[PDB]
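# Observations on the model geometry
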2 protein chains.
Amino acid sequence: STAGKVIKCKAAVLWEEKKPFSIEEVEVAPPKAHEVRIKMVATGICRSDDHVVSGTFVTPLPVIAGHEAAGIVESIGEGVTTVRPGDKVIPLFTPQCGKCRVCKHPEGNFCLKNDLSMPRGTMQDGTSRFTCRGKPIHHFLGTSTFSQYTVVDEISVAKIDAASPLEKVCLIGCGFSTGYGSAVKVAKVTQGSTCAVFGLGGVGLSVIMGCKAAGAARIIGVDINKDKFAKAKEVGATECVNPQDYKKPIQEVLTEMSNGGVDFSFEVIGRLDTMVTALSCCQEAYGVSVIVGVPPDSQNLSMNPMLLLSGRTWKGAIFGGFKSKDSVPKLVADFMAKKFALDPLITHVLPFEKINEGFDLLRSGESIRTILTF
Amino acid sequence: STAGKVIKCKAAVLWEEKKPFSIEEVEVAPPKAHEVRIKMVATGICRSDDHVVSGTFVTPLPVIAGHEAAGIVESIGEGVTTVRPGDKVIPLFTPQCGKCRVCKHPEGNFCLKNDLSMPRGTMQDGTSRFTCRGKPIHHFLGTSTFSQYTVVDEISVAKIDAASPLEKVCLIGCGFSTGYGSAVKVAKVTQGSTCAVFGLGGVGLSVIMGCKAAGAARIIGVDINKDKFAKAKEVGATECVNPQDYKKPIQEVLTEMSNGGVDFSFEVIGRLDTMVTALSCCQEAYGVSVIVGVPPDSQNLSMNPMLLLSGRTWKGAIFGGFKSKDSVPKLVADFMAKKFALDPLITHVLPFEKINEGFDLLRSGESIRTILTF
Ligand SMILES: NC(=O)c1ccc[n+]([C@@H]2O[C@H](COP(=O)([O-])OP(=O)([O-])OC[C@H]3O[C@@H](n4cnc5c(N)[nH+]cnc54)[C@H](O)[C@@H]3O)[C@@H](O)[C@H]2O)c1
Ligand SMILES: NC(=O)c1ccc[n+]([C@@H]2O[C@H](COP(=O)([O-])OP(=O)([O-])OC[C@H]3O[C@@H](n4cnc5c(N)[nH+]cnc54)[C@H](O)[C@@H]3O)[C@@H](O)[C@H]2O)c1
Ligand SMILES: OCc1c(F)c(F)c(F)c(F)c1F
Ligand SMILES: OCc1c(F)c(F)c(F)c(F)c1F
Ligand SMILES: [Zn+2]
Ligand SMILES: [Zn+2]
Ligand SMILES: [Zn+2]
Ligand SMILES: [Zn+2]
């Protein structure tokens with residue numbers, strides 16, 4: 001038995017920015033009250049994890065990163081009521097405390113217990129469950145999935161279907177749900193509309209899936225890497241365009257292609273310039289533009305507010321606008337009922353030991369999602 | 001009869017920026033096909049007219065400004081079907097052609113025939129109906145209401161109730177409808193919500209009216225001129241704050257007052273800094289901020305897109321989001337049935353010949369709306 005004991009296990013520790021993960025032994029404390037210890041089964045490589053490595057997103061180091069995953073509960077602390085040992089679970093990088101004003105709001109999902117705004121890199125109680133070489137190691141977004149075992153707060157885990165294939169449904173922990181919800185819930189894409197999607201990685205492909213599910217008539221994918229276009233068309237893009245191919249700015253190209261601007265645009269990259277381009281290419285009176293990409297730390301964009309005064313709507317969201325603990329189990333149930341596909345997002349499946357090779361595939365432009373298996 | 005003849009009349013001509021209007025004789029050509037010549041009865045002084053004088057809003061000079069008005073049709077050109085001589089009318093600074101993709105959209109109102117986005121200062125046919133001292137004079141937003149007679153395109157005029165008091169309902173041509181619609185139609189303020197309104201001039205007071213009509217529980221007025229607070233409270237503000245009174249930035253003050261951010265905020269001034277402040281003070285996960293104020297020509301704001309990524313919605317609108325020709329007659333009918341009040345906005349009345357004194361009252365901070373009578 002491991003319950004109530006320290007577990008020594010393998011994890012991928014990030015000791016400093018812009019260095020490889022160190023795959024080595026850590027100690028994982030048992031769960032305290034209202035905490036859950038999870039044996040990980042699969043974890044995806046999201047560009048947001050790479051933002052920690054690159055310093056695009058600032059969080060305390062050293063850290064166990066990883067936030068897109070699925071696993072099996074090993075043990076629960078006193079007072080846990082929502083999961084039991086043996087349950088399949090997805091950790092929730094956006095928690096759902098159920099008590100804060102955001103959790104109580106019909107349209108809010110960015111629970112005030114999140115560790116994204118002012119990252120502390122701890123459990124809810126302000127402490128860490130991880131040690132490595134005698135040093136405390138930070139958590140990441142209350143998840144820390146690049147480890148054979150993690151400990152999460154109960155508000156940061158959802159129970160899912162016992163028959164779930166965890167090597168696929170781990171994508172419901174971030175990339176699929178983010179993109180799909182950004183289209184269907186945040187933008188509320190309408191039947192017959194024209195959409196533009198900037199960035200055709202895992203999250204942008206999931207935005208395309210959602211635009212197609214919502215009945216968009218035209219879905220224009222935009223990427224500087226034309227190798228991304230074939231899969232974008234497979235999942236619903238009707239056209240793809242590469243800004244590098246044009247003498248005009250791409251906002252002008254997209255305005256022309258859409259006979260005066262798109263209904264819905266999505267920034268799914270993480271660049272200030274494409275956030276402003278994406279806003280500009282939506283129709284000036286009734287267009288909607290959604291920011292999904294994570295912008296670089298502490299950098300402001302510049303824009304002319306006449307883009308908004310004419311009638312545009314500009315919004316952003318975390319995790320597709322989904323209330324995480326209510327939504328994740330339903331999204332898994334929908335996947336099991338064949339309501340959407342996840343295989344188009346998975347280009348590579350590697351053992352966890354090859355985490356650094358998986359990050360190199362993402363950085364080279366060669367992968368959509370690599371799933372790491374423990 | 002004057003039908004088919006040039007009319008000589010008085011108008012307020014703006015020859016140069018940052019100068020008084022010149023009240024002098026102009027020649028007003030008769031209406032061409034699908035044009036309407038109007039004998040003006042009353043016109044309001046809106047801060048946007050002052051933006052023409054100050055070069056905040058660039059439009060070609062020399063010009064006859066004025067856009068908030070009511071009058072009586074003197075004659076109609078060939079093919080006009082929607083008004084007749086003797087009808088009471090309100091000119092529409094945002095037209096409603098009924099044919100463009102915006103007019104056909106259920107939520108658009110910024111008709112593509114507008115002269116706001118890229119001002120030419122002409123009729124739809126690219127020519128002027130005004131001569132002064134033998135020189136052609138520009139139109140303004142297809143309205144030019146600072147004249148005893150004007151000529152407008154048929155898509156820029158609405159027929160209103162024959163029993164309308166024109167010295168009141170002129171406000172439905174801009175300030176009332178803009179503010180009220182910004183709350184009820186654009187923001188869609190909800191019952192029990194907390195609103196913050198930046199700027200307590202005629203348009204911000206109309207925003208407060210709309211927030212109260214929508215059932216907001218708290219309406220916080222924000223102005224650096226504390227003389228504006230009494231009227232704001234009379235029309236529904238529950239609290240007023242002066243940023244000058246505080247050591248901390250007012251976005252932090254309003255976040256504290258609202259226990260974590262407001263539900264709806266409105267920028268009703270025209271400053272880049274207050275546009276960003278108003279966005280910041282709405283709750284980060286579910287808040288909505290609406291830009292109403294007109295920004296200085298060609299100037300960009302700077303902002304951190306993490307304000308949107310957490311969940312905020314940022315939008316703007318012209319004319320409260322109202323489809324102008326459909327909505328203006330209905331707003332007049334509702335005014336006649338006492339569904340809203342206009343007198344709280346009217347602080348001063350002057351004859352048209354005292355237009356410069358009316359602008360002096362606006363610039364000193366003393367007036368809300370001055371109504372000029374012809
Ligand atoms: N809001 C959220 O909750 C959330 C969730 C998940 C991911 N993210 C962010 O979303 C973004 C996309 O993540 P991902 O899909 O995993 O990344 P990814 O797989 O790296 O995809 C990014 C795509 O953008 C393309 N690209 C780069 N520059 C440009 C350009 N100038 N114009 C057009 N295309 C360009 C690039 O070729 C690639 O295909 C990242 O910033 C993530 O951090 C946000
Ligand atoms: N979007 C539209 O369709 C539309 C229609 C009508 C007016 N406008 C614009 O709306 C704005 C307001 O017009 P209005 O009500 O006639 O103008 P106004 O009567 O000049 O009122 C503006 C108010 O802002 C106050 N103010 C100035 N600076 C600050 C500050 N830093 N903080 C807080 N308060 C401040 C000022 O004291 C005044 O009471 C102007 O920019 C107009 O051009 C837009
Ligand atoms: O990919 C999900 C995700 C985000 F949406 C962020 F905004 C972020 F800062 C982050 F670290 C993250 F992992
Ligand atoms: O006050 C109405 C009004 C506006 F809403 C503008 F955006 C503008 F540029 C302008 F000149 C104007 F008069
Ligand atoms: Zn919460
Ligand atoms: Zn992610
Ligand atoms: Zn139109
Ligand atoms: Zn106005």
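Up top is the structure.
Calculation criteria
- Residues numbered from 1 in each chain as written, not as in the entry; some residues may be left out.
- Chains lettered and ligands numbered in written order.
- Heavy atoms only, no water.
- Axes fitted to C-alpha atoms, helices over the stretch in contact; angles between N-to-C directions.
- Helix = DSSP H or I, 4+ residues; strand = E, 2+ residues; numbered from the N terminus.
- Parallel < 35°, antiparallel > 145°, perpendicular 65-115°, else oblique.
- Left-handed = near helix turned anticlockwise from the far one by under 90°.
- Contact = heavy atoms within 4.5 Å.
- Nonpolar A, V, L, I, M, F, W, Y, C, P; charged D, E, K, R; others polar.
- Pairing = 2+ DSSP bridges.
- Least-squares fit on C-alpha atoms.
- Salt bridge = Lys/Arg side-chain N within 4 Å of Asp/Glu carboxyl O.
- Buried < 20%, exposed > 50% of the residue type's maximum accessible area, 1.4 Å probe, protein only.

## Points about the packing of helix 7 (residues 250-257) of chain A against helix 8 (residues 272-281) of chain A
All names here are of chain A. Direction vectors running N to C along helix 7 and helix 8 enclose 25°, while the axes themselves pass 9 Å from each other. In terms of axis orientation, helix 7 runs roughly parallel to helix 8. Remark: the crossing between helix 7 and helix 8 carries right-handed chirality. Note on element contacts: helix 8 touches helix 7 through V276, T277, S280 and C281, opposite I250, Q251, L254 and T255. A class-by-class count of the residues in the contact of helix 7 with helix 8 yields four nonpolar, four polar and no charged.

## Focus on the sheet that holds strand 1 (residues 7-13) of chain A
All names here are of chain A. Spatially, four strands are ordered 1-2-6-7 in an open sheet, and the strand pairing comes out antiparallel. Among the strands making up the open sheet, the edge pair consists of strand 1 and strand 7 (135-137). Across the sheet, the axes of successive neighbouring strands diverge by a mean angle of 45°, strand direction being ignored. As defined by bridge partners, strand 1 adjoins strand 2 (residues 22-28) across seven bridges and the pair is classed as antiparallel. Within the sheet, the bridge partner assigned to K8 lies in strand 2 and is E27.

## Points about the relation of the copies chain B and chain A
Of the two same-sequence chains, chain B is brought onto chain A (RMSD 0.2 Å, axial shift 0.1 Å) by a rotation of 180°. Here the symmetry operator amounts to a two-fold rotation axis. Minimal C-alpha separation from the rotation axis in chain B is found for B:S302, amounting to 2.2 Å. Looking at chain B, 100% of its interface residues are interface residues in chain A too, so the copies touch through the same face.

## Section: the pattern of salt bridges
Inspection of every chain in the model, using the stated rule, returns 26 salt bridges over all chains. Salt-bridge contacts for B:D50 lead to B:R47; the nearest nitrogen and oxygen are separated by 3.0 Å. One end of the pair, B:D50, and the other, B:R47, are both in helix 1 (residues 47-54), three residues apart, so they sit about a helical turn from each other. Note on B:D50: relative accessible area 7%, which makes it buried. On the basis of relative accessibility, which here comes to 34%, the residue B:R47 falls in the partly exposed class. A network of salt bridges, in which partner residues are shared, links A:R47, A:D50, A:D360 and A:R363.

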